[PDB]
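A short worksheet on the structure shown next.
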Amino acid sequence: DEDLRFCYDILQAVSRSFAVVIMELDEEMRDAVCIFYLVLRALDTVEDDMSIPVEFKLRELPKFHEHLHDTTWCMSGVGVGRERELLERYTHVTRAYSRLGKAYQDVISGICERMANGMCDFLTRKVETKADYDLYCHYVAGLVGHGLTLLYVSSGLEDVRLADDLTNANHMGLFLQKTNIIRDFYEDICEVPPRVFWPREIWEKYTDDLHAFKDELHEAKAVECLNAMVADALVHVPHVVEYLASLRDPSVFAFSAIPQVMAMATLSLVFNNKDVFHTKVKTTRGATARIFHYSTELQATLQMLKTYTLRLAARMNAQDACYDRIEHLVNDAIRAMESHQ
Ligand SMILES: CC(C)=CCC/C(C)=C/CC/C(C)=C/CSP(=O)(O)OP(=O)(O)O
Ligand SMILES: [Mg+2]
């Protein structure tokens with residue numbers, strides 16, 4: 001089982017966040033989800049390496065899923081740090097993969113291919129529209145939501161009805177991806193080349209140059225745009241509440257709930273916060289421990305989400321050009337929560 005051990009070891013190095021939450025899952029589901037994550041993590045590593053040619057990515061990505069059945073395949077000159085190691089010693093992942101149930105392998109192979117092609121689409125173009133924003137989030141996060149949902153059903157832990165309509169699963173992925181895209185604006189725009197995800201359709205209403213938000217000079221417009229991004233992410237909350245409330249298994253529930261509650265805490269902190277444009281805004285380690293502790297069942301999770309949702313709303317004024325748009329979004333979220341209390 002050295003292969004699985006490497007997997008969990010690389011997981012811990014490549015992503016401390018997920019590597020903690022994944023431990024909420026029972027061993028069998030956990031192995032499948034851990035391997036699933038590393039496969040996608042490998043894709044991400046190819047998509048994000050800006051020192052390697054795009055034609056190289058459009059070439060390798062589409063057939064990434066095919067390598068899942070080739071225990072000798074690996075990549076040598078891509079990525080930084082442990083990610084690089086993930087690809088070079090990618091054998092451990094494919095081996096572990098070959099020892100998974102037939103149904104788990106197919107979900108993983110299926111999501112891997114669709115995400116890869118989606119990444120290819122956006123490797124050759126920008127995110128101009130809100131539609132673009134949403135679709136890109138779908139490919140790199142919404143699909144993880146689909147995949148996980150299909151792994152839950154396939155495992156037997158959740159009812160087959162869960163996979164009927166995957167819309168809410170996609171919403172779950174979008175809420176997480178969007179909160180991170182919002183939180184990581186500065187860090188992303190400060191890289192070489194600069195990484196940009198905020199959709200032009202949204203930011204062109206406050207500026208002609210996104211890079212202007214880095215200057216205190218345009219602090220007001222940056223914050224108004226930041227607030228419009230938050231409003232856009234809040235659209236997903238009522239759906240996150242529905243998906244979480246449809247879960248019956250405690251392991252699946254905690255694994256699914258924790259990241260969502262963390263996202264809402266981050267979102268409540270970045271909202272109307274100009275610090276977002278010069279540093280990473282993060283929750284305290286104590287709030288994190290508390291979230292991990294209580295998000296084991298629906299009721300407590302709903303109240304923590306309500307609490308954070310109420311903190312977000314409390315942070316604004318009738319002066320802000322969002323107060324209107326944010327208010328009904330907060331009410332929809334809180335309403336959806338009380339709808340299960
Ligand atoms: C359960 C369900 C239906 C949907 C959830 C969808 C999921 C799990 C999406 C993962 C997408 C994100 C935000 C990845 C960043 S890697 P990271 O999480 O390791 O670490 P970081 O964001 O850098 O802190
Ligand atoms: Mg990426």
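Starting from 1 in every chain, residues are counted up; chains themselves are A, B, ... following the order of the structure tokens, and ligands are numbered from 1 as listed.
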
Discussion item. Give me, as a VMD selection string, the set of residues whose atoms come within 12 Å of any atom of ligand 2, counting only C-alpha atoms and all ligand atoms.
Written reply: chain A and resid 40 to 50 115 to 116 118 to 120 122 to 123 136 to 137 139 to 141 177 180 to 181 188 195 to 197

Contact check, chain A to ligand 1, at most 6 Å, counting only C-alpha atoms and all ligand atoms, closest pairs as JSON lines:
{"residue": "A:15", "atom": "CA", "partner": "ligand 1", "partner_atom_place_in_ligand_line": "19 (O)", "distance": 4.1}
{"residue": "A:17", "atom": "CA", "partner": "ligand 1", "partner_atom_place_in_ligand_line": "20 (O)", "distance": 4.9}
{"residue": "A:18", "atom": "CA", "partner": "ligand 1", "partner_atom_place_in_ligand_line": "19 (O)", "distance": 4.4}
{"residue": "A:141", "atom": "CA", "partner": "ligand 1", "partner_atom_place_in_ligand_line": "11 (C)", "distance": 4.5}
{"residue": "A:144", "atom": "CA", "partner": "ligand 1", "partner_atom_place_in_ligand_line": "6 (C)", "distance": 4.9}
{"residue": "A:145", "atom": "CA", "partner": "ligand 1", "partner_atom_place_in_ligand_line": "3 (C)", "distance": 3.4}
{"residue": "A:148", "atom": "CA", "partner": "ligand 1", "partner_atom_place_in_ligand_line": "3 (C)", "distance": 6.0}
{"residue": "A:149", "atom": "CA", "partner": "ligand 1", "partner_atom_place_in_ligand_line": "3 (C)", "distance": 5.8}
{"residue": "A:169", "atom": "CA", "partner": "ligand 1", "partner_atom_place_in_ligand_line": "3 (C)", "distance": 4.1}
{"residue": "A:172", "atom": "CA", "partner": "ligand 1", "partner_atom_place_in_ligand_line": "4 (C)", "distance": 4.6}
{"residue": "A:173", "atom": "CA", "partner": "ligand 1", "partner_atom_place_in_ligand_line": "6 (C)", "distance": 3.7}
{"residue": "A:176", "atom": "CA", "partner": "ligand 1", "partner_atom_place_in_ligand_line": "13 (C)", "distance": 4.8}
{"residue": "A:177", "atom": "CA", "partner": "ligand 1", "partner_atom_place_in_ligand_line": "13 (C)", "distance": 4.2}
{"residue": "A:256", "atom": "CA", "partner": "ligand 1", "partner_atom_place_in_ligand_line": "1 (C)", "distance": 4.6}

Write a file of the selected residues as an mmCIF file, in the first residue's frame, keeping N, CA and C atoms.
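Printed below is part.cif as written:
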data_model
loop_
_atom_site.group_PDB
_atom_site.id
_atom_site.type_symbol
_atom_site.label_atom_id
_atom_site.label_comp_id
_atom_site.auth_asym_id
_atom_site.auth_seq_id
_atom_site.Cartn_x
_atom_site.Cartn_y
_atom_site.Cartn_z
ATOM 1 N N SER A 15 -1.482 20.224 -0.876
ATOM 2 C CA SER A 15 -2.687 20.909 -0.421
ATOM 3 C C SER A 15 -3.051 20.601 1.018
ATOM 4 N N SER A 17 -4.948 22.205 3.013
ATOM 5 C CA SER A 17 -6.361 22.457 3.274
ATOM 6 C C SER A 17 -7.224 21.210 3.070
ATOM 7 N N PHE A 18 -7.267 20.734 1.832
ATOM 8 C CA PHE A 18 -8.041 19.560 1.465
ATOM 9 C C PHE A 18 -7.604 18.319 2.240
ATOM 10 N N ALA A 141 -13.987 23.470 -10.867
ATOM 11 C CA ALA A 141 -14.525 23.280 -9.526
ATOM 12 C C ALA A 141 -15.927 22.670 -9.525
ATOM 13 N N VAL A 144 -15.794 19.071 -9.930
ATOM 14 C CA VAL A 144 -15.297 18.336 -8.774
ATOM 15 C C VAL A 144 -16.562 18.031 -7.985
ATOM 16 N N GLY A 145 -17.478 18.994 -7.970
ATOM 17 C CA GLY A 145 -18.736 18.815 -7.270
ATOM 18 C C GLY A 145 -19.528 17.666 -7.876
ATOM 19 N N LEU A 148 -17.531 14.275 -7.020
ATOM 20 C CA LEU A 148 -17.741 13.879 -5.631
ATOM 21 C C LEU A 148 -19.148 13.328 -5.456
ATOM 22 N N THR A 149 -20.142 14.052 -5.960
ATOM 23 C CA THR A 149 -21.524 13.614 -5.846
ATOM 24 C C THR A 149 -21.692 12.208 -6.452
ATOM 25 N N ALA A 169 -24.778 20.530 -7.101
ATOM 26 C CA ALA A 169 -23.419 20.057 -6.852
ATOM 27 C C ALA A 169 -22.467 21.055 -7.509
ATOM 28 N N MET A 172 -22.180 24.141 -5.449
ATOM 29 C CA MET A 172 -21.264 23.891 -4.336
ATOM 30 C C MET A 172 -19.832 24.181 -4.775
ATOM 31 N N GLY A 173 -19.454 23.679 -5.949
ATOM 32 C CA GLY A 173 -18.116 23.921 -6.446
ATOM 33 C C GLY A 173 -17.879 25.392 -6.767
ATOM 34 N N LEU A 176 -17.172 27.713 -3.689
ATOM 35 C CA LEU A 176 -15.810 27.607 -3.192
ATOM 36 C C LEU A 176 -14.813 28.285 -4.126
ATOM 37 N N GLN A 177 -14.909 27.985 -5.419
ATOM 38 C CA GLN A 177 -13.973 28.542 -6.369
ATOM 39 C C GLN A 177 -14.069 30.063 -6.399
ATOM 40 N N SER A 256 -18.235 17.517 3.161
ATOM 41 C CA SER A 256 -18.886 18.455 2.239
ATOM 42 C C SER A 256 -19.195 19.837 2.824
#

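Closest to residue 3 of chain A among A:335, A:178, A:161, A:92 is A:92, based on only C-alpha atoms.
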
Item to complete: For residue 36 of chain A, work out the shell of residues within 10 Å, counting only C-alpha atoms and skipping chain neighbours fewer than 4 positions away, then give it as a PyMOL selection string.
Response: chain A and resi 30-32+40-41+93+97+104-105+107-109+111-112+144+147-148+151

Now that the selection is made, can you save its residues with C-alpha atoms as a tab-separated table (two decimals), in the first residue's frame?
chain	number	residue	atom	x	y	z
A	30	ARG	CA	-11.26	8.55	1.20
A	31	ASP	CA	-8.90	6.61	-1.05
A	32	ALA	CA	-11.11	7.24	-4.07
A	40	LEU	CA	-7.09	16.81	-11.09
A	41	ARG	CA	-4.19	18.34	-9.22
A	93	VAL	CA	-1.36	7.47	-8.42
A	97	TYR	CA	-6.09	4.04	-9.27
A	104	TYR	CA	-14.90	4.93	-8.93
A	105	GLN	CA	-12.40	4.68	-11.79
A	107	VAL	CA	-16.23	8.78	-12.45
A	108	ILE	CA	-12.63	9.94	-12.05
A	109	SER	CA	-11.64	9.23	-15.65
A	111	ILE	CA	-14.36	14.12	-14.81
A	112	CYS	CA	-10.63	14.24	-15.60
A	144	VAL	CA	-15.30	18.34	-8.77
A	147	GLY	CA	-17.48	13.94	-9.43
A	148	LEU	CA	-17.74	13.88	-5.63
A	151	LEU	CA	-18.54	9.06	-5.87

Worksheet item: as a VMD selection string, which residues of segment 39-79 of chain A does DSSP assign to helix (DSSP H, G or I)?
Response: chain A and resid 39 to 48 54 to 63 65 to 69

Hey, what's within 8 Å of residue 226 of chain A if we count only C-alpha atoms and toss same-chain stuff fewer than 5 positions away? As a PDB file with N, CA, C and O atoms, in the first residue's frame, please?
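New file out_23.pdb:
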ATOM      1  N   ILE A 182     -12.015  35.540  -5.418  1.00  0.00           N
ATOM      2  CA  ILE A 182     -12.204  36.855  -4.834  1.00  0.00           C
ATOM      3  C   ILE A 182     -11.099  37.156  -3.820  1.00  0.00           C
ATOM      4  O   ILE A 182     -10.481  38.227  -3.867  1.00  0.00           O
ATOM      5  N   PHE A 271     -15.708  40.792   2.146  1.00  0.00           N
ATOM      6  CA  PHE A 271     -16.717  41.742   1.732  1.00  0.00           C
ATOM      7  C   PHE A 271     -16.450  43.154   2.258  1.00  0.00           C
ATOM      8  O   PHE A 271     -16.198  43.340   3.437  1.00  0.00           O
ATOM      9  N   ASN A 272     -16.515  44.136   1.362  1.00  0.00           N
ATOM     10  CA  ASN A 272     -16.325  45.534   1.721  1.00  0.00           C
ATOM     11  C   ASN A 272     -15.014  45.743   2.474  1.00  0.00           C
ATOM     12  O   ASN A 272     -14.908  46.649   3.289  1.00  0.00           O
TER      13      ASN A 272
END

Practice prompt. Please provide as a PyMOL selection string all residues within 8 Å of residue 254 of chain A, with the sequence filter that same-chain residues fewer than 6 positions apart are discarded (counting only C-alpha atoms).
Written response: chain A and resi 24+295-297

For those residues, write N, CA and C atoms to a file as a PDB file, in the first residue's frame.
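The resulting file, selection.pdb, is shown below:
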ATOM      1  N   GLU A  24     -12.080  13.339   7.075  1.00  0.00           N
ATOM      2  CA  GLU A  24     -13.434  13.161   7.604  1.00  0.00           C
ATOM      3  C   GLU A  24     -14.089  11.938   6.950  1.00  0.00           C
ATOM      4  N   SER A 295     -19.264  21.502  12.340  1.00  0.00           N
ATOM      5  CA  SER A 295     -19.887  21.158  11.062  1.00  0.00           C
ATOM      6  C   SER A 295     -20.005  19.649  10.854  1.00  0.00           C
ATOM      7  N   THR A 296     -20.588  18.950  11.828  1.00  0.00           N
ATOM      8  CA  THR A 296     -20.758  17.501  11.745  1.00  0.00           C
ATOM      9  C   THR A 296     -22.193  17.130  11.424  1.00  0.00           C
ATOM     10  N   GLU A 297     -23.109  18.056  11.673  1.00  0.00           N
ATOM     11  CA  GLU A 297     -24.520  17.825  11.396  1.00  0.00           C
ATOM     12  C   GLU A 297     -25.155  19.123  10.894  1.00  0.00           C
TER      13      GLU A 297
END

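Between residue 80 of chain A and the residues A:257, A:52, A:131, A:237, the shortest atom-to-atom distance, using only C-alpha atoms, involves A:52.
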
Tell me, counting only C-alpha atoms, for each residue of segment 155-244 of chain A within 10 Å of segment 298-316 of chain A, which pair of atoms is nearest and how far apart they are in Å to one decimal, in rows ordered by chain and increasing number, as a tab-separated table.
residue	atom	partner	partner_atom	distance
A:227	CA	A:316	CA	9.7
A:230	CA	A:312	CA	9.8
A:234	CA	A:309	CA	9.4
A:237	CA	A:305	CA	9.4
A:241	CA	A:302	CA	7.7
A:244	CA	A:298	CA	7.3

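Candidate residues A:326, A:220, A:34, A:264 were compared for distance to residue 96 of chain A, and the nearest is A:34, using only C-alpha atoms.
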
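If only C-alpha atoms are the atoms counted, then among A:5, A:339, A:156, A:82 the closest residue to residue 29 of chain A is A:156.
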
Practice prompt. Name the closest residue to residue 325 of chain A among the candidates A:255, A:249, A:229, A:238; distances are taken between atoms, counting only C-alpha atoms.
Written response: A:229

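Going from atom CA of residue 171 of chain A to atom CA of residue 236 of chain A covers 5.5 Å.
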
Fill in: Shell of 12 Å around residue 284 of chain A, only C-alpha atoms, local chain residues under 2 positions omitted, as JSON, numbers by chain
{"A": [262, 265, 266, 269, 281, 282, 286, 287, 288, 289, 290, 291]}

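Distances from A:113, A:212, A:167, A:99 to residue 240 of chain A were compared using only C-alpha atoms, and the smallest one belongs to A:167.
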